[PDB]
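*Asks:* Residue numbers (PDB author numbering), protein chains in the order written: chain A, 668 to 725; chain B, 1 to 179; chain C, 1016 to 1160; chain D, 7 to 66; chain E, 4 to 126; chain F, 2 to 143.
Note that beta-carbon positions come from the ideal geometry of N, C-alpha and C, so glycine has one too.
Structure below; questions to follow.
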Amino acid sequence: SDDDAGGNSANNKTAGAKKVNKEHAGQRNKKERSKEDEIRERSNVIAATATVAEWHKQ
Amino acid sequence: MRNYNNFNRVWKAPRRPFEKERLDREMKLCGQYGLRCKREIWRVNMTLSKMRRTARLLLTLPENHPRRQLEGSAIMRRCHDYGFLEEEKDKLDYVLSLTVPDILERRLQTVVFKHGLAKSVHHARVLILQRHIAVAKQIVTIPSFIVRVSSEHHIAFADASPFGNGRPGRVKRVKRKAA
Amino acid sequence: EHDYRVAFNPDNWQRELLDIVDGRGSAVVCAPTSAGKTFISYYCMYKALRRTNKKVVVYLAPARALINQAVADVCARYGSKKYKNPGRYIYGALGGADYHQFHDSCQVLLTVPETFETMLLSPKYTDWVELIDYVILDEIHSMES
Amino acid sequence: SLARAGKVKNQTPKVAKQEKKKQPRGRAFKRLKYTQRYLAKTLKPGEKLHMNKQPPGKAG
Amino acid sequence: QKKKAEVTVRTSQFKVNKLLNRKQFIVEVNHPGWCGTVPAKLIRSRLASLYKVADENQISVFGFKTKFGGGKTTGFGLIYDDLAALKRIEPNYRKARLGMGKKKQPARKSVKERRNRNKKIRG
Amino acid sequence: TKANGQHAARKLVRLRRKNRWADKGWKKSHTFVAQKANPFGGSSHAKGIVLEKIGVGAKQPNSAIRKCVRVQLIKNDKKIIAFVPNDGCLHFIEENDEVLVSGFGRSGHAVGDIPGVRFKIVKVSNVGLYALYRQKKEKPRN
RNA sequence: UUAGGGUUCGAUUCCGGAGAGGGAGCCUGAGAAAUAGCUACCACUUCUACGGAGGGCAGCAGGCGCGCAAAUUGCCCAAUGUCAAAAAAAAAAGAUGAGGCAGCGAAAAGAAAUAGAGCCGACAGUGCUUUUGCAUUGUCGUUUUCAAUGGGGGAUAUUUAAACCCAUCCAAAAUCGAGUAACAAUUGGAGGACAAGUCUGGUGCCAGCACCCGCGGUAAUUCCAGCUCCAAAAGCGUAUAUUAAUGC
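Take a look at the structure:
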């Protein structure tokens, strides 16, 4: 339960970034891979499509 | 088509939008009187302009000219009611002598503080908006209500308030259901 | 194979395997390395991310350490993804890489067989479980025995 | 290097934002900043104490 | 508690119309302590009682505009002589509100369509 | 100097009318052919269909390469260059795809260190390109 | 828009004129060269048992095309008018896409919220200081305490032609409900012009920024990102045109 206590003691807050280093070393990956932009599309499950203006007519 | 209702601007922005002197003045007022935005400090300056404008055009004229007599008298009247000035002003120079504070200080949010019906300034804005004030027997929820000289003594608190009589609270009333 | 459509390589093995996971299900694939199974996870991640990123994909280590990090890296290059305030594309760990915690906020995870266990049975972590959709764990044959 | 486009941006770490506690808004906000300036410190902006100030970290 | 809610009523500028044989005025109310707006029925009662009217069916009244804060309201009253005088001189919709109205004739659309067909006939 | 008589007026009139054709500002506004020449015809924006991608160079005091495209306006059947704003944004733009095109923030003149280019881009295919750089949305199929 | 002299716009609510696919000719009538009148031609187009008979939305809805770009194939004659053999009523309801009422509508304009009032803790200042503190002010915090209110939910109801919104109220014996107040503001900026960082990573004349001057070649105050700060705020950028700035 030192998840919680270590959480406590570290929120007094020194110094200052270890958040960087994890992504910083995930970009240490080499000269390779592609970086598609998968970047926000997010929505609730529900969707619709229609023609609507609508018609042609005849 | 065929609506004849009219609408017009009140406030207009100042030219030259970054000036160190201007920004000082603005800010200083804006938390002293608890004003929401800069839009308000401009809104007052508007009235003040158009006021002194007419008064100046009148001051110009030869004495005993029709427009000067008529219009003059009425301008002066309503700068003694809304209490921007004393009743010992009449020369149409005192009009022009007005500045921004005189306007601001008659807005309801100010007046409340002075008659000791709220502890703080920000307190007093809240207190009016959430419906615990009157101005004769009429309940006002707008802090930008100018108060006339004659009105002032009547302000008190509303009696539909918890702070007056009737129908106590929201806090209390919810607890009293639970138990 | 003549077809190239909704997967690059493919060839034979994918045109079969894919149709199971497209319905969802279990299974396993007996297959020495050649295919490069990083396709499976790339397609899984395409589904839970493109559509309704609230559901957890999970990739579980054969045992801790070095592969944890190499996988983390490789994943993160298939494109970090914008969200509101926490949110977070990938959290790892344990260890021996990355190390203990960041536990919580995410979409897709990467830990080990002890970490995942505690996170599963425990009564307060139940919230996560029903949103995990969908868990793959890799090299069981010479690691489990 | 024209055989590459979009170059600099991909190469950065993807640090992606600390959590924060919400700030005051409306009259509230204007009250906040009034205290930070015209109260509390009696040597306040003019040249003596700039609006933003950073500790020296660097040689440049 | 210390409160009983009551309705007090008055009337303002007071005609007597003898061309249409009614008495028309502008109502007032106060209603301290009253939960929400006062309904129509109660007002009608209070009116008839004061002006010594034979029925509360003679009375009509319509419009009400509450006022911001407080409780107050006003409205436009009518007091006929005889029931017949109402149903005659009064609109259809003001009748309807009291249940004295005339039952509906069809929606306009159908009438209009029909009438265009029968421009082409002879008979 | 000028006339100062009290029946002078005719002179002073005709004078001024000749010398408002030497002011540049006046001509741009009161000539009707100024619009004709302009690619958009005096409109704010116009749509167009891309044809290729082209790197453009730069004039001497900065050396950097620039990204630009080539567009054919579809109510005039002209051709014209354009420019692609923000980092890495050339990959949201595809060839033979509709696009919206703006001015470049001065009237018919070129923003420096880029020769000959006077037209900024805004949309691609019914979404923004600052909705794709500052990506809060993602490009449609169509 | 503007001290003043001026410059610029006016298709569009009121007034006058002209027009009803393009042209012409005509009848009726007090009044028309009328097109939801007639006749002919030209262009376009519909139905047909091929012998023939038709059509004119620059009226209201709604399509198609076009373009950078503009709403419902709603409800009603209650109000305001016009026409008429005509008041309403008597079983005994004249028509009206004029016009009104709603739907969509961040063109534009007004009012106005997203917290307020306190304890301890902590810092800063102050007086009296023996500098031991005491009084005392302001500020910041520790998820600690109290009161009040809207968003919203709902009616004895009221509104209205019928409904909706606004307004009123949460019992008069008798009717709900904020704490991370997750019921959680954004859009452009921080070298100069012009309010605001000699902070920390990444890139190394590349990628990009930059209206203008300019920045980038490994200590980048300007790029790509963190953190902090500044301007305006339910709004904020970008293009184009035009006025002021211009005694250019």
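Closest by CA to residue 18/D, which one among 1038/C, 1091/C and 1031/C?
*Replies:* Closest by alpha carbon: 1091/C.
*Asks:* Which residues, taken in chain order from the segment 707-722 of chain A, show a beta carbon closer than 9 Å to some beta carbon of chain F?
*Replies:* Hits within the stretch, in order: 707 and 708.
*Asks:* Just checking: is the beta-carbon of residue 703/A within a distance shorter than 8 Å of some beta-carbon in chain D?
*Replies:* By this cut-off, residue 703/A is not an interface position.
*Asks:* How would you label residue 35/B, buried or exposed, when you count the other beta carbons within 10 angstroms and need 16 or more for buried?
*Replies:* It counts as buried.
*Asks:* Please report the straight-line C-alpha distance between residue 99/F and residue 1100/C, rounded to a whole angstrom.
*Replies:* Cα to Cα, the separation comes out at about 35 Å.
*Asks:* For residue 693/A, return the contacting residues in chain C, with the cut-off set at a CB-CB distance below 7 Å.
*Replies:* Within 7 Å Cβ-Cβ: 1087, 1088 and 1091.
*Asks:* In the structure shown, what three-state DSSP assignment does residue 107/B receive?
*Replies:* The answer is strand: DSSP assigns residue 107/B an E or B state.
*Asks:* Would you list, in chain order, the members of the segment 117-142 of chain B that have their beta-carbon closer than 9 Å to a beta-carbon of chain E?
*Replies:* Cβ contacts with chain E: 131, 134, 137, 138, 139, 140 and 141.
*Asks:* With three or more beta-carbon pairs closer than 8 Å as the criterion, would you say the segment 69-84 of chain F touches the segment 45-53 of chain F?
*Replies:* Cβ pair count under 8 Å is three or more, so yes.
*Asks:* Quick check: is any heavy atom of the ligand NAP less than 7 Å from the C-beta of residue 9/B?
*Replies:* With respect to the ligand NAP, the structure shown offers nothing to examine, as it has no ligands at all.
*Asks:* So residue 166/B contacts chain D; which residues on that side make the cut at Cβ distance below 9 Å?
*Replies:* By Cβ distance, chain D contributes nothing, its closest Cβ being about 29 Å from residue 166/B, past 9 Å.
*Asks:* In terms of DSSP beta bridges, what is residue 131/B paired with?
*Replies:* DSSP output for residue 131/B lists no bridge partner at all.
*Asks:* Residue 11/D touches chain F at which residues, Cβ-Cβ below 8 Å?
*Replies:* Those within 8 Å of residue 11/D in chain F are 68, 89, 91 and 92.
*Asks:* Determine whether the Cβ of residue 20/D lies closer than 8 Å to any Cβ atom of chain F.
*Replies:* So, not an interface residue.
*Asks:* In chain order, what residues of the same chain have a beta carbon less than 7 Å from the beta carbon of residue 4/B, not counting five sequence neighbours either side?
*Replies:* Here the set comprises nothing.
*Asks:* Run through DSSP, which three-state label would residue 26/F get?
*Replies:* In this structure, residue 26/F counts as helix in the three-state DSSP scheme.
*Asks:* Would you mind giving the Cβ-Cβ distance between residue 72/B and residue 58/B, rounded to the nearest angstrom? I have them listed as a contact below 8 Å.
*Replies:* At roughly 5 Å, the Cβ-Cβ gap stays under 8 Å, so residue 72/B and residue 58/B are in contact.
*Asks:* Could you name each continuous alpha helix (DSSP H) segment of 4 residues or more that falls completely within the segment 31-81 of chain E, going from the start of the chain to the end?
*Replies:* Whole alpha helix (DSSP H) segments, 4+ residues: 43-53.
*Asks:* Applying a beta-carbon distance threshold of less than 7 Å, which residues of chain D neighbour residue 699/A?
*Replies:* By Cβ distance, chain D contributes nothing, its closest Cβ being about 12 Å from residue 699/A, past 7 Å.
*Asks:* Look up residue 1140/C in the DSSP assignment and say whether it is helix, strand or coil.
*Replies:* Reduced to three states, the DSSP call for residue 1140/C is coil.
*Asks:* For the beta strand (DSSP E) that residue 99/F lies in, which residues bound it at each end?
*Replies:* That run of the beta strand (DSSP E) goes 99-102.
*Asks:* So with Cβ pairs under 8 Å, would you call residue 16/D a contact of chain A?
*Replies:* It does: the Cβ of residue 16/D has a partner Cβ on chain A nearer than 8 Å.
*Asks:* Could you confirm whether any beta carbon from chain D is found closer than 8 Å to the beta carbon of residue 56/F?
*Replies:* Residue 56/F counts as touching chain D.
*Asks:* Quick one: which chain D residues come within Cβ less than 8 Å of residue 36/B?
*Replies:* Those are 32, 33 and 36, listed as they occur along chain D.
*Asks:* Per DSSP, what kind of secondary structure is residue 53/F in: helix, strand or coil?
*Replies:* Reduced to three states, the DSSP call for residue 53/F is strand.
*Asks:* Once you ignore the five residues that flank residue 26/B on each side, which residues in its own chain have a CB closer than 7 Å to its CB?
*Replies:* Excluding residues within five positions, the ones whose Cβ falls inside 7 Å are 38 and 41.
*Asks:* So, with DSSP's three-state summary, where would you put residue 28/E?
*Replies:* Residue 28/E falls in the strand class under three-state DSSP.
*Asks:* Using a Cβ-Cβ cut-off of less than 8 Å, give me the residues of the segment 72-104 of chain E that come near chain B, in sequence order.
*Replies:* Against chain B - using a Cβ distance shorter than 8 Å - the residues of the segment 72-104 of chain E are 72 and 73.
*Asks:* How long is the line joining the alpha carbons of residue 4/E and residue 92/E, rounded to whole angstroms?
*Replies:* Distance between the alpha carbons of residue 4/E and residue 92/E: 46 Å.
*Asks:* Would you mind sorting residue 169/B into buried or exposed? The rule is 16 or more other CB atoms within 10 Å of its CB.
*Replies:* Exposed: under 16 other Cβ atoms inside 10 Å.
*Asks:* So the beta strand (DSSP E) residue 84/F belongs to, where does it begin and stop?
*Replies:* Taken as a continuous stretch (DSSP letters only), the beta strand (DSSP E) holding residue 84/F covers 81-84.
*Asks:* What's the C-alpha gap between residue 1105/C and residue 1066/C?
*Replies:* Cα to Cα, the separation comes out at about 17 Å.
*Asks:* Going along chain C in order, which residues have a C-beta closer than 9 Å to the C-beta of residue 680/A?
*Replies:* Those do not exist, as residue 680/A stays about 17 Å from chain C at its closest Cβ, beyond 9 Å.
*Asks:* If contacts are defined as beta-carbon pairs under 8 Å, then residue 50/D and residue 43/D qualify, I think. What distance do you get, rounded to the angstrom?
*Replies:* With 8 Å as the limit, residue 50/D and residue 43/D qualify as a contact, their Cβ atoms being about 6 Å apart.
*Asks:* Leaving out the 5 sequence neighbours to the left and right, which residues in its chain are closer than 8 Å to residue 1086/C when beta-carbon positions are compared?
*Replies:* For residue 1086/C, where only same-chain residues beyond five positions count, the Cβ hits under 8 Å are 1074, 1076 and 1125.
*Asks:* Using only alpha-carbon positions, find the residue among 36/E, 26/E, 121/E and 114/E that is nearest to residue 61/E.
*Replies:* When only C-alpha atoms are compared, the closest one is 26/E.
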